[PDB]
Amino acid sequence: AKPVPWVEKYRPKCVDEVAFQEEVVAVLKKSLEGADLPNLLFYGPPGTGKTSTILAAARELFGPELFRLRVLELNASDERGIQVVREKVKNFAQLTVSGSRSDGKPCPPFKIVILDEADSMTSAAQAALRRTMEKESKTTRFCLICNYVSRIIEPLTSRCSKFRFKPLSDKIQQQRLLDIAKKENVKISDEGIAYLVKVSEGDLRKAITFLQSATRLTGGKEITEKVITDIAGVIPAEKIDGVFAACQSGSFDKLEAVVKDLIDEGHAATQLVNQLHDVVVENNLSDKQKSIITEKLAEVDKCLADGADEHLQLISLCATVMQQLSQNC
Amino acid sequence: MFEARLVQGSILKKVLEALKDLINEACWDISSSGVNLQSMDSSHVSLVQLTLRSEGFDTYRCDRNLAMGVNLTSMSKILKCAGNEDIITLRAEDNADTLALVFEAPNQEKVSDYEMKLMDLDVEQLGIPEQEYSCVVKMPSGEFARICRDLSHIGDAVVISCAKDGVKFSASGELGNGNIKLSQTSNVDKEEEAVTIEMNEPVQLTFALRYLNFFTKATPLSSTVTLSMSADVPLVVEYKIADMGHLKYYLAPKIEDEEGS
Amino acid sequence: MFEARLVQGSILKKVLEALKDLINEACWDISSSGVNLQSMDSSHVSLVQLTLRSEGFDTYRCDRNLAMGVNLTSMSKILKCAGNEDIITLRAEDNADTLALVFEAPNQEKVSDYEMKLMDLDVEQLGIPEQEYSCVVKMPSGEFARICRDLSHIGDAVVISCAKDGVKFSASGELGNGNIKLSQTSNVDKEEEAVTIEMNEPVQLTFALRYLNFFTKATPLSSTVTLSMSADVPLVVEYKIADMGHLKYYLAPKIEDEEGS
Amino acid sequence: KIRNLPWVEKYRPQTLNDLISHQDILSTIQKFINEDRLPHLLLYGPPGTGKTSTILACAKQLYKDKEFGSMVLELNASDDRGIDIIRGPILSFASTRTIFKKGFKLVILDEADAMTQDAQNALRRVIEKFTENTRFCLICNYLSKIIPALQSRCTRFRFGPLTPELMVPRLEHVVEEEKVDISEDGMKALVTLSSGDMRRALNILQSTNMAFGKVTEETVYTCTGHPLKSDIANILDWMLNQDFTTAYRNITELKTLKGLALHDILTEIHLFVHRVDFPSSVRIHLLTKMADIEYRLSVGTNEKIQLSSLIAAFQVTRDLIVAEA
Amino acid sequence: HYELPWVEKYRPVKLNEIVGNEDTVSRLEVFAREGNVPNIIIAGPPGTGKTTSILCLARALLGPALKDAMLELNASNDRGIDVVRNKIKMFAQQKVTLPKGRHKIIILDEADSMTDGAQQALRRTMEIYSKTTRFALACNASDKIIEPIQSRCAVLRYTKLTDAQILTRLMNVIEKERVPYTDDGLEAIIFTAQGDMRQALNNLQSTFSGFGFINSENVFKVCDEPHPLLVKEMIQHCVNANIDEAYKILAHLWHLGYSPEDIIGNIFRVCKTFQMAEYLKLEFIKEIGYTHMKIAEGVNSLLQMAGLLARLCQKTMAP
Amino acid sequence: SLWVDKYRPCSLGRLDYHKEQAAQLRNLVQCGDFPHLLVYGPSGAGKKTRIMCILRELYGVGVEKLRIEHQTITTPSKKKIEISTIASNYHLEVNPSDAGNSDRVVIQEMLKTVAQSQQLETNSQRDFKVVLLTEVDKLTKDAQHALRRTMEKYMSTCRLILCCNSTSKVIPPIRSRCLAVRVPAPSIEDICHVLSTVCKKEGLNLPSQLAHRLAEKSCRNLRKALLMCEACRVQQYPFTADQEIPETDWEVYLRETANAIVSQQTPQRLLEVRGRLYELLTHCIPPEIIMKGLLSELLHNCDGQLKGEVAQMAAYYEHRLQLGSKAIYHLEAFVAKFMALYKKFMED
DNA sequence: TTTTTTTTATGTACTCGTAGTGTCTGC
DNA sequence: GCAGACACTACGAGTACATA
Ligand SMILES: Nc1ncnc2c1ncn2[C@@H]1O[C@H](COP(=O)(O)OP(=O)(O)OP(O)(O)=S)[C@@H](O)[C@H]1O
Ligand SMILES: Nc1ncnc2c1ncn2[C@@H]1O[C@H](COP(=O)(O)OP(=O)(O)OP(O)(O)=S)[C@@H](O)[C@H]1O
Ligand SMILES: Nc1ncnc2c1ncn2[C@@H]1O[C@H](COP(=O)(O)OP(=O)(O)OP(O)(O)=S)[C@@H](O)[C@H]1O
Ligand SMILES: Nc1ncnc2c1ncn2[C@@H]1O[C@H](COP(=O)(O)OP(=O)(O)O)[C@@H](O)[C@H]1O
Ligand SMILES: [Mg+2]
Ligand SMILES: [Mg+2]
Ligand SMILES: [Mg+2]
């Protein structure tokens, strides 16, 4: 009886437990009924449930005894070169479809090849999947899982039926989090769950991780908004007001002081970019100032995505918004 | 349920050793008459016809017909650890994907159940013409293995000719030419070493030495080989196993062009 | 001061390559009863015990309990320079950091001496529990090396099942399941092929293939091998090597799947 | 009998008459077949236009089922096609005769752009010396990845994108064979979202028929997730006609309600920009900013900030367009 | 019997049937008539007639002794380091009785594929046995052949065939095949040929087989207009900061099915030899490479090409 | 041992600062179902101390019995690359950035063999093992993409604690799979309290002025503050308030490099500054820290209307340095751009 | 009128050195 | 009948380069 984290304890074991992805859930339930399953391409933001949906669909199609004979999962944690596609994928695709479910449930007459994280697969290795998917489509199906669909070549995009996984809405995510908190015998306030579904930004794995960590930190009493705010790394609004006051002052020394205070406090630069953008798009600045401040925010977010230094990007963004705030003064 | 029991383990080793670098995958066609195999090579130049009779096996039963395409490099690794004096059992079910190979150790103390996953290639049946040939030559398999090995040193393509006199092997290479002409070696004490000519019309054709040398690795299967040649139908290298069946090797002639001068 | 002398050059030339790709160091512990070696792999899976008693040496001198550590990257390349049937001796001073071994050059005319630096590593003895295992079986040495080589062509992990009938080696892979069952080989002329079962409790544990192939590289040292299995104790691969001592291996089992109903 | 197949493989043009678009090219290849003067072919174009299906229908028309295995040597990117394969199996297939029936042979090299340049240089004299014995068909999506020697040795046919007026009868054939209830706007949505791709037309049709049971405009744009053109017109109106805050609120509410992605919004706004009679400098600025925003979405970025930058790129040019007058 | 295509059916068998490069072909005619031909390397664009000239020269020099005194090696052969040492050198050492002025010919077709070590091993066998053997080399990229080999041979360079030179051979093929034609159809065949005789013969055979008549509409229904002939005016519109006409050409090339990699390759090919300022050309090429890195990274849409065109138009207006 | 290692706390109840976070981390790992952890913050904040305190809370005192394990990992190019791991009977510490650009092979092969095998002893040890990945911000994106499925498949028998300085270099698939634990730098009062308790445990007297100057000069790095305090006690045993504090050589070399930049704006001075930057890069100083030190020194010599453009140029060229592979090109480009801007500002 | 060295991540191609091994010679 | 010698192919290892 070992404890398990809630992202694996409450993983969807069937298609009916998958939330908010209604079109692909309807397609997979029709494939459970016996319809013709095509080749699938799942893409979207992280934590939306691309892996759990296809794993639940495969374990409902084949069951426990035929999951090892009909499902081949290849991801970025194992080597996927051109020779792995030429040998391991192609010889699996040429195997016979045999074996029946012992519980009396119907079994589809194909295998499923799950190529999770197809962004990391090279363009040469993706080119060898084309006639493998076309010729062996009578006996196997291919599901490509990725986050950026531009990192998969256009023949494989055309060969697969694309399904985009949307970020989960606040109603569905709040309902799932309240169901998980109900099944775990913990209590969370309405403001706490509202701030949780605002913080998680459609990432249900992040929401479940934050809920489990707030349950462990709280210990079993009421989960308020303060524990959620402290556990999410949300920068307080006084720091944002001090940043904008240092920008309105027009001095670079106070700008360096507030940037060094935010860096030394360990606040992530992506969270600061999000909060500065939220203040900027919801104030009484002019349209031109808001325009170039938001464009600088997009440039800073792009540079942070490429692993640039947080201090230099934040001081460049602060210099730009300081110039914009002191230009009209 | 398919259950074939090899009486000897050496024949399955000697069949597969000839087809190892030639046949890409084995297509075992099973009926009540026996086990058939008609598979081309990787280059689609050669064709191998294998027919193992039902009476050759120790026990043979077959309820419904089967066509079990299986990998041959996977079949090579399970046949290296096989004895040459033990029985090997081929088993496969009606609607399963496992081809069972049950045999004994060289130490002869343990069972060895080797399963193989069947393949699902949709291969069309190749129509064998089964017509007559303008040349039929009986020949020892040891001599035919030596001559194709001897002419691989000179060139890469052999112009093998046959007539009423006998079969003639020629190989124009970089060093020069090697011409072997053997005829009427039936006046010996043994019966396997004999050159017999049956048909009439002479035919000269050029074949690759790479595929002919692969055909000669079936030398321990039959002590005497048969060569069939004609002007249109390809060259046939017919091996006849003594009490198990027969093996046929087909090879297309190469395109040769005369000089304009 | 430590001084020991072997009786054959093949007792160290055939055991060092088994530890060449298995362990990174050879820690010799010198005692009055004999020389001990307990080294563990860097992956915390394999554990090799090698004890040679003082009676089997040509001569043996030990006044103080000293431990020396040397690396396998340098002792392997001088092993091939040494002969096969020559004599080997090992010398180590009390205060020096040099391990010197004196043997015969392979031309059988001159003294060849190599020096190796002593590596100071702070390790501790783990300590085997020496508990009563749930399985005790006896297998041949040369046959057991042929077992793990055959399952190396199938999958990267083998399954060991030792019931009262015998020991079953299994490997489920992407080619097919390979199952063997060694049992009841007491009716043989040679006493090294006597397959017998000495315990009653069955067990089934999966082990890594790569280290078991490393364990089978010390096979010509002895005629037999003893395998010990239990529910949670690691697998013991025991060799009774010649006359001067015995060799012991340990292998941690692999993980088991969540196969609960 | 019924088969569990995707509709891109269940409905494949096994004959040359089942293809829809390239009538001149297919008529010329059919007259090549009927006169037995088939040359070395080079079929290139965008994916999903019918290059593999054409040569497979030609190979089935030229050769019977009892001689197909010894007459056609088909190699693609899933097979090893190194220079030892060009010197080996391909050269031995090209330089030898047939087995059963006399005739010219065919070597189909599908996805020939993925071959190395050493193999393509070794392929030149195999094609040239054995023209009478065998023919070579090269299929690629990129003509720049095939060397000019092989482009000279093979006559080139461009399999261009399929016009939406010609994709309608094949989609209607698939619909009447699969018993699909589809309206006119569903057909228009299929042929608009396909953009000259028959594969993804059948993929969107099958996914929409399984997801909803009927194929209309709303079901296609819901299953695909593509924004409606009214949504793009509303986004452009909000971006060009009001301030930053109200446009941000309205576009954010539309993206939250409809579940839109910024890539397709950027694509449709880019298509809308060239239709709007912008000034030249405004058009250049909008194209550069939209290309920068499209490039920024290929990494782990925040889509909300890029949406704000998309609004910003038009909020900058509002005053420039109005002051242009 | 199967009839050959017009590329291989109407291959010239004599050196007087080869059109284009009149001085070099005439000197090869003189050398085939008299003898004592030096080592030659024939370089040029594909479909010019280099292999045809080499094979016709070898046939005219040797004649009935072509089978024993000629060694033809292609890129389909091995021709590694051990073939130059053990087969080319052994053929150069081989005794072949020939008439006066005639030597053995070692034809090394497509010598770009030969490695550097094989060409280094090819030098001394070229220099020692030159009294009895000769070398005939054909290539496309002559820089891949090393400098010591090019010093050991008379390097011949073939240029692209003009309109009249291809037109004469097309008239010969038409009069041999009784092909009905018009003048503008043959002009369209020349326009689609782009100096290539192979493409001219292939397009002529395709138009004759598909339609049975040669006018401009039947040629342009199966063949295509060349790609850089519109990319040139697209770059010209990008120079004058005309983004609308440049996008019109870009969208016309996009709707024909050309991939962004092919389009940006033609853009770089036009910008490499365009007639403009040098600094403007350099920053144009840098912008092309910056967009090509994004195209190869995975993002490749019409918006990216339009952004590239807009950046090329800005580079003009930012001195 | 130095003062950085002699008085490091062992458990979560002995931490001088972030005591509320210490109690929260104690309550987090009590049950055992805690998720993967992302301990992030500035360098010297105390991240590794809190990670070892979490390991002390989970297992017994045996996590302090550390040993060096040498692993040989085979590249796909069949080149043997040597890496070193610090391991105990309960956990493992891996720094995959020591293998360079082949860290993806380390993640795919070394971590998967650790995760695929369960523990030997299940009574003295717990039901799961911990893998410490240090400096995951220096990992390439391919290694982070290889990391993500191992973090989900084997998270019931193997837990991961990832340590980094900036979470911007961590990809959002990895950041979605783990709980982010923020460890801020200690304040001036916290560093003064730590230094005062260290000096009281050493039998010494530390003034408040000297402790405040040591806290201010360390830039809120407690490791560097403790090292500077021990250096000040080897240099002078009476702790004076105005006692000089020793400085690091690369920092003053960076300051003299920036002074050489602002002294003259010529291509010859640009060549000399390129030589100085080569001398800085050869001593294994990271180029982003070189950019940060340059911007920290160049903005002291700039006017108030020039600092924003220099900061934006420094950020732009540091981003181009992160995108590129040769740091000297982007460093010399930033220095040349600053020289052009400074000459234009001075001449106008 | 001025020359030393190893990093980029795969994939292919080339070239060279090495080691089990089938087969022949001999007492 | 069994030990030594001969060349045989498969395999390990090192290196270059990939554009117009
Ligand atoms: N739609 C969903 N319904 C229910 N649980 C979900 C859903 N999405 C995520 N979860 C939970 O969060 C975990 C993560 O789901 P995943 O399938 O790994 O998401 P993902 O799409 O794979 O993210 P990436 O792109 O692989 S990083 C699951 O194991 C569930 O516990
Ligand atoms: N012209 C067409 N007429 C009818 N169906 C078509 C046509 N083109 C494509 N299809 C459909 O799309 C499927 C795939 O067509 P393909 O021939 O594979 O396209 P393709 O030109 O080969 O694209 P690439 O370059 O190989 S990815 C076929 O099985 C048909 O179902
Ligand atoms: N100058 C020419 N005169 C007449 N026919 C020509 C000429 N050049 C090419 N051809 C025709 O085109 C065919 C191919 O010519 P080749 O000489 O083989 O091409 P090439 O010059 O070798 O170019 P590459 O680099 O080998 S593709 C010949 O068989 C002729 O039918
Ligand atoms: N609570 C504490 N009390 C006293 N000293 C501490 C405390 N936390 C950290 N330190 C000291 O500060 C230094 C911080 O280094 P480390 O723990 O490795 O954190 P980081 O990984 O962030 O550098 C350590 O050398 C440690 O001795
Ligand atoms: Mg996933
Ligand atoms: Mg295709
Ligand atoms: Mg040529």
# chains A, B, ... in the order shown; residues from 1 in each chain; ligands from 1
$ interface_residues --of "chain A" --to "chain B" --cutoff "7 Å" --atoms "only C-alpha atoms" --output "VMD selection string"
chain A and resid 94 to 96 98 to 99
$ select_by_dssp --residues "stretch 47-180 of chain C" --states "helix (DSSP H, G or I)" --output "ChimeraX atom specification"
/C:54-56,72-75,141-153
$ residues_around --residues "residue E:276" --least-positions-apart "6" --cutoff "12 Å" --atoms "only C-alpha atoms (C1' of nucleotides)" --output "tab-separated table (two decimals) with C-alpha atoms, in the first residue's frame"
chain	number	residue	atom	x	y	z
E	235	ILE	CA	13.30	40.40	-56.77
E	236	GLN	CA	13.10	43.41	-59.13
E	238	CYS	CA	11.46	43.90	-54.04
E	239	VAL	CA	14.31	46.24	-55.04
E	240	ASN	CA	11.87	49.08	-55.82
E	270	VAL	CA	18.28	35.19	-58.41
E	282	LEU	CA	24.66	41.36	-49.16
E	283	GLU	CA	21.91	42.43	-46.76
E	284	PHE	CA	19.34	40.81	-49.08
E	316	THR	CA	15.86	49.32	-49.52
$ atom_distance --atom1 "atom CA of residue D:230" --atom2 "atom CA of residue D:308"
20.4 Å
$ residues_near_ligand --ligand "ligand 1" --cutoff "8 Å" --atoms "only C-alpha atoms (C1' of nucleotides) and all ligand atoms" --output "MDAnalysis selection string"
(chainID A and resid 6:12 17:21 43:53 116:117 145:147 165 168 176 203:206 208) or (chainID F and resid 148:149 152 172:174 176:177)
$ residues_around --residues "residue A:327" --least-positions-apart "2" --cutoff "10 Å" --atoms "only C-alpha atoms (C1' of nucleotides)" --output "list in words"
residues 248, 250, 289, 321, 322, 323, 324, 325 and 329 of chain A
$ write_last_selection --atoms "N, CA and C atoms" --output "PDB file, in the first residue's frame"
ATOM      1  N   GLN A 248       7.927  55.343 -13.599  1.00  0.00           N
ATOM      2  CA  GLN A 248       7.400  56.702 -13.638  1.00  0.00           C
ATOM      3  C   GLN A 248       8.363  57.724 -13.051  1.00  0.00           C
ATOM      4  N   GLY A 250      11.569  57.873 -13.696  1.00  0.00           N
ATOM      5  CA  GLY A 250      12.495  58.246 -14.743  1.00  0.00           C
ATOM      6  C   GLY A 250      13.957  58.068 -14.410  1.00  0.00           C
ATOM      7  N   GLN A 289       1.653  53.634 -26.449  1.00  0.00           N
ATOM      8  CA  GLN A 289       2.494  53.174 -25.347  1.00  0.00           C
ATOM      9  C   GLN A 289       2.201  51.723 -24.999  1.00  0.00           C
ATOM     10  N   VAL A 321       9.738  50.221 -20.750  1.00  0.00           N
ATOM     11  CA  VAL A 321       8.512  50.753 -20.154  1.00  0.00           C
ATOM     12  C   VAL A 321       8.804  52.035 -19.367  1.00  0.00           C
ATOM     13  N   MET A 322      10.036  52.206 -18.868  1.00  0.00           N
ATOM     14  CA  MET A 322      10.423  53.463 -18.233  1.00  0.00           C
ATOM     15  C   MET A 322      10.514  54.592 -19.251  1.00  0.00           C
ATOM     16  N   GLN A 323      11.063  54.305 -20.436  1.00  0.00           N
ATOM     17  CA  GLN A 323      11.102  55.290 -21.513  1.00  0.00           C
ATOM     18  C   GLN A 323       9.699  55.668 -21.970  1.00  0.00           C
ATOM     19  N   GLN A 324       8.805  54.680 -22.066  1.00  0.00           N
ATOM     20  CA  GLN A 324       7.427  54.960 -22.462  1.00  0.00           C
ATOM     21  C   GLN A 324       6.682  55.766 -21.402  1.00  0.00           C
ATOM     22  N   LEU A 325       6.925  55.481 -20.123  1.00  0.00           N
ATOM     23  CA  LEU A 325       6.229  56.199 -19.061  1.00  0.00           C
ATOM     24  C   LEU A 325       6.795  57.596 -18.838  1.00  0.00           C
ATOM     25  N   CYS A 329       5.911  62.578 -19.862  1.00  0.00           N
ATOM     26  CA  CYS A 329       6.061  63.440 -18.697  1.00  0.00           C
ATOM     27  C   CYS A 329       7.041  64.573 -18.980  1.00  0.00           C
TER      28      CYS A 329
END
$ atom_distance --atom1 "atom CA of residue D:166" --atom2 "atom CA of residue E:261"
27.4 Å
$ interface_residues --of "chain G" --to "chain E" --cutoff "12 Å" --atoms "only C-alpha atoms (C1' of nucleotides)" --output "PDB file with N, CA and C atoms (P, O5', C5', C4', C3', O3' and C1' of nucleotides), in the first residue's frame"
ATOM      1  P    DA G  13      25.170   6.118 -48.387  1.00  0.00           P
ATOM      2  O5'  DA G  13      26.718   6.165 -48.746  1.00  0.00           O
ATOM      3  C5'  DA G  13      27.308   7.402 -49.098  1.00  0.00           C
ATOM      4  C4'  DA G  13      28.788   7.390 -48.796  1.00  0.00           C
ATOM      5  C3'  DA G  13      29.489   6.072 -49.117  1.00  0.00           C
ATOM      6  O3'  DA G  13      30.288   6.228 -50.282  1.00  0.00           O
ATOM      7  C1'  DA G  13      30.226   7.038 -47.039  1.00  0.00           C
ATOM      8  P    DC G  14      31.075   4.980 -50.916  1.00  0.00           P
ATOM      9  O5'  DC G  14      32.538   5.122 -50.299  1.00  0.00           O
ATOM     10  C5'  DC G  14      33.132   6.409 -50.191  1.00  0.00           C
ATOM     11  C4'  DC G  14      34.371   6.350 -49.326  1.00  0.00           C
ATOM     12  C3'  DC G  14      35.241   5.119 -49.563  1.00  0.00           C
ATOM     13  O3'  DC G  14      36.502   5.514 -50.057  1.00  0.00           O
ATOM     14  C1'  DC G  14      34.941   5.551 -47.231  1.00  0.00           C
ATOM     15  P    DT G  15      37.489   4.426 -50.701  1.00  0.00           P
ATOM     16  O5'  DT G  15      38.464   4.059 -49.496  1.00  0.00           O
ATOM     17  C5'  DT G  15      39.005   5.092 -48.694  1.00  0.00           C
ATOM     18  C4'  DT G  15      39.604   4.526 -47.425  1.00  0.00           C
ATOM     19  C3'  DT G  15      40.348   3.203 -47.607  1.00  0.00           C
ATOM     20  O3'  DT G  15      41.742   3.412 -47.420  1.00  0.00           O
ATOM     21  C1'  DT G  15      38.978   3.223 -45.636  1.00  0.00           C
ATOM     22  P    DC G  16      42.793   2.209 -47.592  1.00  0.00           P
ATOM     23  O5'  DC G  16      43.001   1.688 -46.097  1.00  0.00           O
ATOM     24  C5'  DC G  16      43.201   2.633 -45.053  1.00  0.00           C
ATOM     25  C4'  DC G  16      43.195   1.960 -43.694  1.00  0.00           C
ATOM     26  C3'  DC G  16      43.947   0.628 -43.625  1.00  0.00           C
ATOM     27  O3'  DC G  16      44.785   0.613 -42.478  1.00  0.00           O
ATOM     28  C1'  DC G  16      41.787   0.388 -42.728  1.00  0.00           C
TER      29       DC G  16
END
$ select_by_dssp --residues "stretch 110-313 of chain E" --states "strand (DSSP E)" --output "ChimeraX atom specification"
/E:133-139,154-157
$ write_last_selection --atoms "N, CA and C atoms" --output "mmCIF file, in the first residue's frame"
data_model
loop_
_atom_site.group_PDB
_atom_site.id
_atom_site.type_symbol
_atom_site.label_atom_id
_atom_site.label_comp_id
_atom_site.auth_asym_id
_atom_site.auth_seq_id
_atom_site.Cartn_x
_atom_site.Cartn_y
_atom_site.Cartn_z
ATOM 1 N N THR E 133 48.148 4.554 -72.931
ATOM 2 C CA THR E 133 46.772 4.762 -72.504
ATOM 3 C C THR E 133 46.456 6.252 -72.470
ATOM 4 N N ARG E 134 45.161 6.555 -72.547
ATOM 5 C CA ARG E 134 44.650 7.915 -72.482
ATOM 6 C C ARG E 134 43.438 7.950 -71.563
ATOM 7 N N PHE E 135 43.110 9.147 -71.091
ATOM 8 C CA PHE E 135 42.017 9.349 -70.153
ATOM 9 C C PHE E 135 41.019 10.345 -70.722
ATOM 10 N N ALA E 136 39.734 10.036 -70.568
ATOM 11 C CA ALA E 136 38.644 10.916 -70.989
ATOM 12 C C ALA E 136 37.700 11.067 -69.801
ATOM 13 N N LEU E 137 37.580 12.287 -69.288
ATOM 14 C CA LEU E 137 36.783 12.557 -68.102
ATOM 15 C C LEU E 137 35.649 13.516 -68.433
ATOM 16 N N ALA E 138 34.497 13.288 -67.812
ATOM 17 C CA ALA E 138 33.351 14.177 -67.914
ATOM 18 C C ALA E 138 32.893 14.541 -66.512
ATOM 19 N N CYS E 139 32.447 15.782 -66.340
ATOM 20 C CA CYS E 139 32.045 16.259 -65.025
ATOM 21 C C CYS E 139 31.082 17.426 -65.182
ATOM 22 N N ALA E 154 43.683 18.263 -70.755
ATOM 23 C CA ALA E 154 43.244 19.467 -71.451
ATOM 24 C C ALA E 154 41.796 19.723 -71.053
ATOM 25 N N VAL E 155 41.587 20.717 -70.191
ATOM 26 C CA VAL E 155 40.283 20.961 -69.578
ATOM 27 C C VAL E 155 39.401 21.651 -70.614
ATOM 28 N N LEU E 156 38.346 20.966 -71.040
ATOM 29 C CA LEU E 156 37.378 21.526 -71.968
ATOM 30 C C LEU E 156 36.125 21.931 -71.207
ATOM 31 N N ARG E 157 35.617 23.124 -71.500
ATOM 32 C CA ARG E 157 34.445 23.653 -70.816
ATOM 33 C C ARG E 157 33.334 23.878 -71.828
#
$ interface_residues --of "chain B" --to "chain D" --cutoff "9 Å" --atoms "only C-alpha atoms" --output "number ranges by chain"
B: 40, 42-47, 123-129, 207-208, 232-234, 250-256
$ residues_near_ligand --ligand "ligand 7" --cutoff "10 Å" --atoms "only C-alpha atoms (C1' of nucleotides) and all ligand atoms" --output "JSON, numbers by chain"
{"D": [124, 125, 128, 149, 153], "E": [46, 47, 48, 49, 50, 51, 52, 53, 54, 55, 74, 109, 110, 111, 137, 138, 139, 140]}
$ closest_residue --among "D:233, D:210, D:150, D:26" --to "ligand 3" --atoms "only C-alpha atoms and all ligand atoms"
D:150
$ residues_near_ligand --ligand "ligand 2" --cutoff "6 Å" --atoms "only C-alpha atoms (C1' of nucleotides) and all ligand atoms" --output "list in words"
residues 155 of chain A; 8, 9, 11, 12, 13, 19, 20, 21, 47, 48, 49, 50, 51, 52, 53, 141, 198 and 199 of chain D
